[PDB]
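Single chain ahead, by itself, as structure tokens, in the form deposited in one PDB entry.
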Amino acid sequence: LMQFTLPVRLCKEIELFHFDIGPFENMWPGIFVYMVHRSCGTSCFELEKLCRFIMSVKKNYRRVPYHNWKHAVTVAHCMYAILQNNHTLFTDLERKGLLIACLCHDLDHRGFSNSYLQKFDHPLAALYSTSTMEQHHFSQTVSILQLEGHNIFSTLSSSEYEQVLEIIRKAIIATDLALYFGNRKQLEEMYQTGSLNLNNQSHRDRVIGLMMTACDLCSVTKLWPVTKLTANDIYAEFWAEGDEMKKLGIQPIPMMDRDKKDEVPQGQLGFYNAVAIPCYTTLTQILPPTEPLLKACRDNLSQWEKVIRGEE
């Protein structure tokens, strides 16, 4: 067999949750295949179909500051670290489906929120009334799978193919942050009443949802230097959308106004307290080995406070 291998430093550090995939774009496909081979197995996919699929997915990500091919692979690596540390809890189909779900989860992102597409009156908002971009991302995933020689699931039966596509669809739709607030609340009550049951499919669906949120936001779980630089990338997108909202004659929300630039540290504080810490807290309750994500999130929250007090 031709096994995929990484340089020594990458081979060791890829197992850490806070791993950064680096600036060499041409290594990212090899990094993804390595993760698939180790978390799924070397017989999950035909290597030639998987490589053709990877390159079609890369080509349908756009050159935007944050919602780009690097984000896709970074999110898949977070999912890799969760699966390797909880390797008894997931099925064959779930392992196959979830790494692909993560690679495809922001396909053809234009750097604009669902709100902007609705205010602009974009055709996609007419086609998909809720979770607009997320239904588009999944539609792009299915288009790519249906290209000649791109069916990486061609050995599965009809019923198995239908199950894995249904895992991918739910996982991608769950990356809509508007849905996360209700999903984490339900998982929080379910956990505290002792009713959460990982054999209940509708409960698995909620846990995979939260895992997809945790993977999608994993830029706040990196070492401070990575997290700080990545914050510049998301704001570059937010501020461009704010400019576009002003052009429609609409006042943008504060996180999208480039004039409120000096309030970024306080904005981050609110984001960590309202969104990220609760996300990684509930996830650590359900999947205790995902502790290092919560720990690294708390450390970054402390760094932003040190910024606000004018020490950083």
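Numbering starts at 1 and follows the sequence shown. The term rigid core refers to the maximal set of C-alpha atoms that superpose within 1.5 Å between the two forms.
FYI, the form deposited in another entry isn't displayed, but the following is about it.
- Once the cores line up, the CA of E291 ends up less than 2 angstroms apart between the shown form and the other one.
- Relative to the superposed core, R63 shifts its CA atom by less than 2 Å between the shown form and the other one.
- Relative to the superposed rigid core, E25 undergoes a CA displacement of at least 2 Å between the shown form and the other one.
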